[PDB]
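Notes for the one structure printed next.
Counting neighbours? That spans all protein chains shown, and the Cβs are built from the backbone with ideal geometry, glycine included. Readers should treat all values here as calculations from the given coordinates under stated rules, not as data from a laboratory.
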Amino acid sequence: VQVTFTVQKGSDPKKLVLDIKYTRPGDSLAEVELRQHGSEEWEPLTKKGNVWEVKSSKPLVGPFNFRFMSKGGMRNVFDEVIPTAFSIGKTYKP
């Protein structure tokens with residue numbers, strides 16, 4: 001029950017594009033949301049291809065938290081996963 005997030009080329013201060021590997025024996029990923037530092041909304045990531053993306057009209061403020069829903073109905077919340085100053089091509093694990 002493991003997740004890594006690698007920042008993909010194409011991310012910028014208003015846009016994160018993430019390759020997310022989600023291992024959970026017998027289940028698999030259905031949904032992912034980001035929550036910015038000190039913010040109360042969960043913002044869905046949209047699956048584009050085999051990566052996930054979320055855009056903002058303002059720069060995103062981190063560190064960023066993430067919530068997952070598996071196709072099995074299992075939900076996890078991981079806090080402080082990725083710093084504001086992320087780097088493209090770096091992998092991050094909660």
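Take the Cα atoms of the stretch 30-94, find their three principal axes, and give me the spread along each one in whole Å, biggest first.
For the stretch 30-94, the Cα spread along each principal axis is 33, 27, 24 Å.
Please compute the net charge surrounding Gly89, taking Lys and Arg as +1 and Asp and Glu as -1 over other residues with Cβ under 13 Å from its Cβ.
+1
Measure off 7 Å from each Cα along the Cα-to-Cβ vector at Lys47 and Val1, then give the distance between these two points in nanometres to one decimal.
It works out to 2.1 nm between the two label points.
With each pseudo-label sitting 7 Å past Cα toward Cβ, what's the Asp12-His37 distance in nm, one decimal?
Computed distance between label sites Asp12 and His37 equals 2.2 nm.
Between beta-carbons, use under 12 Å as the cut-off and find the net charge around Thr4, counting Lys and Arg +1, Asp and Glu -1.
Cβ neighbours under 12 Å give a net charge of +2.
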